[PDB]
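The block underneath contains the structure these notes are about, expressed in structure tokens.
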Amino acid sequence: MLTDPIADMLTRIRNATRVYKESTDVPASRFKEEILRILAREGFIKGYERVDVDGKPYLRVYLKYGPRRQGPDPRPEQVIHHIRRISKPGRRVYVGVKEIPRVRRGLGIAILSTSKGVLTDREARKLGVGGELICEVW
Amino acid sequence: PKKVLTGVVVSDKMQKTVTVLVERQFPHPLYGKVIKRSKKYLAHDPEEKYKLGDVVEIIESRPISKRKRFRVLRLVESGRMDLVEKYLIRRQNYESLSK
Amino acid sequence: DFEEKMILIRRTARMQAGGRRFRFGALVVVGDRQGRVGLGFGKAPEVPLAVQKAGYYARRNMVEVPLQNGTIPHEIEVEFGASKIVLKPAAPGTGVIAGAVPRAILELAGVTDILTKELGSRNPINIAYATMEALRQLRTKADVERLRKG
Amino acid sequence: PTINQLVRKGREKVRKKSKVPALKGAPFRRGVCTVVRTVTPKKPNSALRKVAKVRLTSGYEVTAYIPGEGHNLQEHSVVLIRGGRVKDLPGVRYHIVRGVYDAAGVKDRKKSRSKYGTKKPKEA
Amino acid sequence: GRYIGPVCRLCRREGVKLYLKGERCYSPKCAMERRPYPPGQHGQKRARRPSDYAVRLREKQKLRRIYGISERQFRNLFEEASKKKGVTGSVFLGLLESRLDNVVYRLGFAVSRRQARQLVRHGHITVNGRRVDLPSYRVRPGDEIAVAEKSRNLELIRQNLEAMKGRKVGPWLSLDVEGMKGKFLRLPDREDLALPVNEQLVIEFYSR
RNA sequence: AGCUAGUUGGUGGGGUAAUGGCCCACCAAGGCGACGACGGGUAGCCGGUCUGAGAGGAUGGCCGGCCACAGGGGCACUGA
RNA sequence: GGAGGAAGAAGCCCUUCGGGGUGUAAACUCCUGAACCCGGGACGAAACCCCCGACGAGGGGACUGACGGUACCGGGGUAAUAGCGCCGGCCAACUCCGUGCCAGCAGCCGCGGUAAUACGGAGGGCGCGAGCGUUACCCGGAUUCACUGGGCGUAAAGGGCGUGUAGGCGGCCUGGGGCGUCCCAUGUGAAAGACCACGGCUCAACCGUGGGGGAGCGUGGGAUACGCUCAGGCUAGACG
RNA sequence: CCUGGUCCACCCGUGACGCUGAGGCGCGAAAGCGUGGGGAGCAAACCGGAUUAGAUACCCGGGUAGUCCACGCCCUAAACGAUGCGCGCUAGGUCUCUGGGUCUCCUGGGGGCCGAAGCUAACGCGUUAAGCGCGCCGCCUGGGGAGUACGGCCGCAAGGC
RNA sequence: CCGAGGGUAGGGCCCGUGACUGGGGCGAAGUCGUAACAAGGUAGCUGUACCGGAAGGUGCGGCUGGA
Ligand SMILES: [Mg+2]
Ligand SMILES: [Mg+2]
Ligand SMILES: [Mg+2]
Ligand SMILES: [Mg+2]
Ligand SMILES: [Mg+2]
Ligand SMILES: [Mg+2]
Ligand SMILES: [Mg+2]
Ligand SMILES: [Mg+2]
Ligand SMILES: [Mg+2]
Ligand SMILES: [Mg+2]
Ligand SMILES: [Mg+2]
Ligand SMILES: [Mg+2]
Ligand SMILES: [Mg+2]
Ligand SMILES: [Mg+2]
Ligand SMILES: [Mg+2]
Ligand SMILES: [Mg+2]
Ligand SMILES: [Mg+2]
Ligand SMILES: [Mg+2]
Ligand SMILES: [Mg+2]
Ligand SMILES: [Mg+2]
Ligand SMILES: [Mg+2]
Ligand SMILES: [Mg+2]
Ligand SMILES: [Mg+2]
Ligand SMILES: [Mg+2]
Ligand SMILES: [Mg+2]
Ligand SMILES: [Mg+2]
Ligand SMILES: [Mg+2]
Ligand SMILES: [Mg+2]
Ligand SMILES: [Mg+2]
Ligand SMILES: [Mg+2]
Ligand SMILES: [Mg+2]
Ligand SMILES: [Mg+2]
Ligand SMILES: [Mg+2]
Ligand SMILES: [Mg+2]
Ligand SMILES: [Mg+2]
Ligand SMILES: [Mg+2]
Ligand SMILES: [Mg+2]
Ligand SMILES: [Mg+2]
Ligand SMILES: [Mg+2]
Ligand SMILES: [Mg+2]
Ligand SMILES: [Mg+2]
Ligand SMILES: [Zn+2]
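Residue numbers (full-length UniProt numbering), protein chains in the order written: chain A, 1 to 138; chain B, 2 to 100; chain C, 5 to 154; chain D, 2 to 125; chain E, 2 to 209.
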């Protein structure tokens, strides 16, 4: 019955890419949008459109991967290697703005919800706010 | 600021007094998770005007009697016996826990 | 020709009617200190031989270590099965703090500033492999946004 | 465990067994010899280790080891007890502080002498 | 105290030659220039590879033995640099170098670092006016490391001031040889210092 | 693993610098407990201190702040 | 104590009987002068108090030092205490003789049974030095109670199986509140310590000054994505 | 005859009414206990014959509880998949049980095997996960001592927790 | 009136101790047997029951971590 729909999505994504796949369809939600609307704006996906599967409104999300490779296991590097949720449903994690994580030494993003929108580690620091550290991606 | 508090009347069986159960939430000092905890206050009710199940506000008042240091401020919403059950059952559960 | 430092040597052995035979093993690292390091495991009927074989595979299997200021770009954890490793970059003028294995590698990796920790099985061999695969998995602001084109 | 479980049960602090009740966690305890025997080593060893049952100040009583070569300890000798067992004599769990009270030094010992409480000597 | 015993003996052991003696180490007889092998009965023996520890030890042991200083003080110093903001490698030297009983030796006044100390301790040296007998004294930037009136007229300060005349000295320093009174101009950069020791290994010996 | 007779509350008194079952009559039958009541063990609490990458863990001697005690126990007098 | 001093005393220790070592170490040569000897000798001490003025604001004058003849300054001036730990591996430091599962070592793994770098002595070496070791306790290594940061098919670890109370957890959209949550302001957070600078004692320890911070918590204002609550709708869960 | 669960098909109704679950309650193989039946075969115990150095065993001839039934207890187990439950997601191949279809085919539930990716110390697991995730419960923290002792509760006892 | 405490009486918990008794740990080379590990020479383990100097045996049902 999905406890935390997000960490689901987040996983759907994670799972799709391990085999490298056109797209995948998290069941839709304005918030799952918002979140996706940052994976893409930050270059982790090609992006996403709204769709349907029997009146049921999901989100077609187009993944991004690397270039082919020489040698054995020519499988591409990942645009999204790592994506693991924080502030979980069984233990919300919040943060003051000074408390905000510095993911992967700048090479990464810490998506996170706040009173002035779903910012990012830099977007929040710059906007000078904090809130539910939603997850870390890279 | 004379500390205030909101909560449910669980006992009304006292002469000019009520028992307000107060819930309080807070993040936990090492594991984060918000945790719910609660305490009961004996509230001065000089008009027995407050009945059973009323969610109310209470003010840090001057000592009225041992154990009793809070007057009933104002009403917040009569008729919430749904919480009074939650309490009374928690209580009734205690019998199964002895020998 | 690179640096070539020898991590460890061991005398293993198998049984057989009459007695026990032997064999020797060699973890060896190899470096120029420009960010090119190589790990190789060599087993042979003799100590000398083994080490030889070590450098050989080492020179065969090496990797580009994307330095910076003499340290590393970002931090990483890697489990190789049982044995885990922490690579965390340090400010100029710290020192290479790790155990014989992760240092012996990281030295000819051309690093100087780097905080590290072994975790789980501290099996030399398996820590070794960890240390590499760690490195291998390194990225720079460059080759990062290189993947985030579009 | 889940987070909630921790919030309920919580983590359990270790707490460790004082390998030596020399009482009141003292550096050393004073005592008097009661027995002065020689016991034999355990598994893959063999010898005649010199030891002493000591009546503590704390009403207690323990076997204790006599360091060094040779000694001078009898049924009534007051002695200081140090405390470090002997992986070899089941039972012995304190050492005798060589050189305090009736405990002699070690006759003719010139090497490590802090241990064994033999004074520094003269070269003449 | 400042070691005090067989010196061309660490000159030995440590391998790399050192000048705990000033003149004689310059001879064709530092005992080093004659037995380039570590002391003791063995010495001339098939050397076994130094454990990664050995290395780190010796490096610091070398460095330390150079400035003829207590393991304590040596260490207190280290930590100081670690705490102090900056590349702890250099700074540990900077202060190592900022020592009075060193500055004096650096500015010619004495032949050996050891001989120097004794001068400083005996207040034969001085500073910015007042005399200072503190080998440990940490000389700052912009100080007058003079000699004492009573100390100018010394047979030993003389000769040691002698060959000094005109011999160029460290960049972080100045030397008005005439008035036998040197100056400390700045805190030396890593290069300005040349000594047979990888400062890194030391930093590391203390990460034990 | 159940606890409680001044026990919980109320009326009126006494008392104090002052609130209050602090105390006293009278009335009501209440108060507390697994969010751990009751009981047992140990302990003066803190600013700090030691240790640790940190999160923690340990600790409260010196100095500073508060409390408690003055052979064991009780009591009141004088008095801001 | 510092500079110089042999292709390098003796004595002792190895020795393939050539030799090697302690070792520039010593002797020995020079100059420097801890101690001690003599004189000089405080900061800490300026108020109370007295005159003028008004006993006030302002001005001036005088007494007072326990430590203490101490510190410190100046002159003279003698080469003038070294010890403890270890040297199988962890872990730096190796050879002789003695010993013979004996005497003993020991934190662990272990050492000693006639050739012991592991006992005991010696030479030698490593380490630290007015100390070095040992014992006891705390934290660390221990990612071995794991929030950071562990786990349970066979290594320790899934309850013999259900039912369900409390509690924990809660699908899509709209709105109200704004408890959590986030930001801003203000109060508080004593001082001492800690930390950054600066200086005071010949340095330092100690010590003065200045600055900078501290989660917390009270108060005022704001935000409304996520969590909560109240209100309306939906049908992908669930039920029928 | 009475009755439980369960899958499918039609998309009709309700509109989140959910998941898990400390305690609690119920069930819980065999053996065992109580009362009363029952008793052919088998069969602890026990008796004999062999074997054997012995043979309180293995093999042979006998044989009592018990094995069956009713009612009440007991509450353990290699109670095993040694794998808690719910949900989402992550190649297919094959055979098999049982449903539905404009049925050489497709689709839904169940039971096996081989195996992508991935996990794994290895063995192995792998849409029936031991993969990738979230929720909630239970449990582990060196071996022996020891499931022992004490206490506590339960049981007629054995004994259980 | 209450009241330090003293007294009488009856309970609760905790510590030490005790003829004797139960098993338990350890102990370089003791007595009896051979149970288990290879089909362990009767596959093993197992809950229960009974029995035997001892390991153990046997009955019942179960697991394969056997065949
Ligand atoms: Mg792992
Ligand atoms: Mg032995
Ligand atoms: Mg010894
Ligand atoms: Mg009362
Ligand atoms: Mg106390
Ligand atoms: Mg730590
Ligand atoms: Mg008193
Ligand atoms: Mg060594
Ligand atoms: Mg020896
Ligand atoms: Mg450390
Ligand atoms: Mg460490
Ligand atoms: Mg810890
Ligand atoms: Mg955790
Ligand atoms: Mg573990
Ligand atoms: Mg197991
Ligand atoms: Mg199960
Ligand atoms: Mg519920
Ligand atoms: Mg708010
Ligand atoms: Mg302060
Ligand atoms: Mg409807
Ligand atoms: Mg359920
Ligand atoms: Mg049953
Ligand atoms: Mg039965
Ligand atoms: Mg029966
Ligand atoms: Mg038969
Ligand atoms: Mg028969
Ligand atoms: Mg089975
Ligand atoms: Mg089990
Ligand atoms: Mg369960
Ligand atoms: Mg199927
Ligand atoms: Mg398979
Ligand atoms: Mg399949
Ligand atoms: Mg057991
Ligand atoms: Mg049992
Ligand atoms: Mg019992
Ligand atoms: Mg009484
Ligand atoms: Mg058997
Ligand atoms: Mg057998
Ligand atoms: Mg058998
Ligand atoms: Mg049986
Ligand atoms: Mg039988
Ligand atoms: Zn030299």
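By construction, the Cβ of each residue, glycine as well, lies at the ideal position given by its N, Cα and C atoms.
Discussion item. Quick check on this structure: which residue in B/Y88, B/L31 and B/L43 has the alpha carbon closest to the alpha carbon of residue 174 of chain A?
Written reply: No answer is possible for residue 174 of chain A: the residues shown for chain A start at 1 and end at 138.
Worksheet item: What are the residues of the stretch 44 to 76 of chain B that lie near chain A, defined by any Cβ-Cβ distance shorter than 9 Å?
Response: none
Item to complete: In angstroms with no decimal places, state the Cα-to-Cα distance between E/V198 and E/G6.
Response: 23 Å
Item to complete: Identify the contact partners of B/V35 in chain A, using a Cβ-Cβ distance below 8 Å as the criterion.
Response: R92
Worksheet entry | B/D13 in three-state terms, based on DSSP | strand
Worksheet item: Considering only residues of the stretch 10 to 44 of chain A, which uninterrupted beta strand (DSSP E) runs meet the minimum length of 3 residues and lie entirely inside it, listed in chain order?
Response: 23 to 27
Worksheet item: How should E/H123 be labelled, buried or exposed, when 16 other C-beta atoms within 10 angstroms of its C-beta is the threshold for buried?
Response: exposed
Worksheet item: Quick one: what does DSSP say B/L74 is sitting in, helix, strand or coil?
Response: strand
Discussion item. Would C/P52 pass as an interface residue toward chain E - the criterion being a Cβ-Cβ separation below 8 Å?
Written reply: no
Fill in: chain A within 8 Å of C/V148, Cβ atoms only
yes
Fill in: Listed by chain order, chain B residues near D/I4 by CB distance under 8 Å
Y32, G33 and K34
Worksheet item: How many Å lie between D/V52 and D/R110 at the Cα?
Response: 20 Å
Discussion item. Spatial neighbours of A/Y20 within its chain, please: C-beta separation below 8 Å, excluding the five flanking residues on both sides.
Written reply: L63, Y65, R75 and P76
Discussion item. Cβ closer than 8 Å: which chain C residues qualify as neighbours of E/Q62?
Written reply: Correct list: empty, because the minimum Cβ distance to chain C is about 17 Å.
Worksheet entry | Range of the contiguous beta strand (DSSP E) that encloses A/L59 | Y58 to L63
Worksheet item: Using a Cβ-Cβ cut-off of 7 Å (strictly less than) and excluding sequence neighbours within five positions of A/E33, which residues of its own chain qualify?
Response: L59
Fill in: According to DSSP, residues forming a beta bridge with E/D144
E/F185
Item to complete: Could you spell out the range, first to last residue, of the beta strand (DSSP E) harbouring C/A132?
Response: Here C/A132 belongs to no beta strand (DSSP E); instead the alpha helix (DSSP H) covers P128 to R140.
Item to complete: Measure the C-alpha to C-alpha separation of E/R3 and E/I67 and round it to an integer number of angstroms.
Response: 11 Å
Discussion item. Can you tell me whether E/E24 is helix, strand or coil according to DSSP?
Written reply: coil
Practice prompt. Give me the Cα-Cα distance between A/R69 and A/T17, rounded to the nearest whole angstrom.
Written response: 16 Å
Worksheet item: How is C/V33 classed by DSSP in three states: helix, strand or coil?
Response: strand
Worksheet item: Cα separation between A/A110 and A/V129?
Response: 13 Å
Worksheet item: Does the separation of the CB atoms of E/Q201 and E/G90 fall below 8 Å?
Response: yes
Worksheet item: Span of the beta strand (DSSP E) holding C/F84?
Response: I80 to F84
Discussion item. Taking the alpha-carbon of E/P40 as reference, which of E/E34, E/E24, E/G109 and E/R13 has the nearest alpha-carbon?
Written reply: E/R13
Worksheet item: Are the stretch 54 to 67 of chain C and the stretch 30 to 44 of chain C touching, with three or more C-beta to C-beta distances below 8 Å?
Response: yes
Worksheet item: Heavy atom of ligand 1 less than 7 Å from the Cβ of C/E137, yes or no?
Response: no
Practice prompt. Return yes when the Cβ of C/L123 is within less than 8 Å of the Cβ of C/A94, no when it is not.
Written response: no
Worksheet item: Which term fits D/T3, buried or exposed, when burial requires 16 or more other beta carbons within 10 angstroms of its beta carbon?
Response: exposed
Worksheet item: Can you list, in chain order, the residues of its chain whose CB lies under 8 Å from that of B/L74, leaving out five sequence neighbours each side?
Response: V5, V57, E58, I59 and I60
Discussion item. Among C/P70, C/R18, C/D5 and C/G44, whose alpha-carbon lies nearest the alpha-carbon of C/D147?
Written reply: C/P70
Discussion item. As a quick exercise: from A/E42, A/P72 and A/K56, pick the residue whose alpha carbon is nearest that of A/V26.
Written reply: A/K56
Discussion item. Measuring alpha carbon to alpha carbon, tell me which residue in A/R84, A/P72, A/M1 and A/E42 is nearest C/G154.
Written reply: A/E42
Discussion item. Determine whether the beta carbon atoms of C/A30 and C/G46 lie at a separation below 8 Å.
Written reply: yes
Worksheet entry | N-terminal and C-terminal residue of the beta strand (DSSP E) that D/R56 is part of | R50 to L57
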